[PDB]
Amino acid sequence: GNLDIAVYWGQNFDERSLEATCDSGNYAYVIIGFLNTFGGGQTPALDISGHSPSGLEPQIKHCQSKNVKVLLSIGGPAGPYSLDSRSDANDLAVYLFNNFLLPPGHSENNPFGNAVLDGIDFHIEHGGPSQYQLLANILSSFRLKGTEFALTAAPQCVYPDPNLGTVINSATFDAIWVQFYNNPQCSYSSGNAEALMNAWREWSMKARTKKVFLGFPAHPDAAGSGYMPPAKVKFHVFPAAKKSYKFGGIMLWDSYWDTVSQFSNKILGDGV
């Protein structure tokens, strides 16, 4: 039926802008990546491939007025991030709250200006569970203080996830987009979906969240392994996945590549 697609944005200086990405009409969620520097005596920092942070202010608002949810992803595939101590978790929690999830205050200054985002995406790929449980408890606390936003996670496809499984079991995430790529044990391999279908059954049965999305790379070049053509996703996957109460739609890695491949257009019947 209707399909919700989430896509990562911010992976290339030369990519279709954020507002044009929202104007495509293909996505329900746009995830800005990544706040990839924090913890360990480090001041937080963004690596959004050189796009001007402030320049994104009007674009985020345009996206939202067209009803596209805009999230900020912390961590990322690569980066000097870690949340080893309890004070790191608290520091990052209140920094994300003041500067991204709330309207402005004036003894500082929001990296994205006066825009307020719709949520935080945990894209933790190294460091173990550390204090990510604590970080999520505080963010979740604020969510219960009248400032509703969403908390999501992007775990690898092996269950349980070594870095986030512990935290996911707390059921704090509103949505999960499992990365069904870069790992042959649980993604599409050689005209072979057995590994993928098995991973999917596990995640949709055991994951403690309301929505589980299937994450795929939008182009053969976008990831080391796991690419599955659109026609095969609709034929192979969708019949068995819709049969799940937790089916959310799909997540695409990433915007820069979808612009090239037109994967989401093919998946949807190409359009707006």
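Don't overthink the numbering: it's just position in the shown sequence, from 1.
140-148 or 73-81, whichever carries the higher mean Cα B-factor = It is 140-148 that shows the higher mean C-alpha B-factor.
ask   = If you average the Cα B factors in the entry, which is higher, 37-45 or 51-59?
value = Per the PDB record, 37-45.
query = Out of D161, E194, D121, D118, which one has a C-alpha B factor higher than all the others in the entry?
reply = In this record, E194 carries the highest C-alpha B-factor of the candidates.
request  = Could you look up the Cα B-factor of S261 in the entry and say which third of the chain it sits in: lowest, middle or highest?
outcome  = Tercile = highest for this residue's CA B-factor.
task = Would you check the entry's CA temperature factor for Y227 and let me know if it's in the chain's lowest, middle or highest third?
result = Ranked within chain, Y227 CA B lands in the middle tercile.
query = Can you tell me which third, lowest, middle or highest, the CA B-factor of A240 falls into for its chain?
reply = For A240, the deposited C-alpha B-factor lands in the highest third.
query = Split the chain's modelled residues into thirds by Cα B-factor; is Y132 in the lowest, middle or highest one?
reply = Middle third - that is where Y132 ends up once the chain's C-alpha B-factors are sorted.
key: CA B-factor ranking of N90, expressed as a third of its chain   = It belongs to the middle third of the chain when residues are ordered by C-alpha B-factor.
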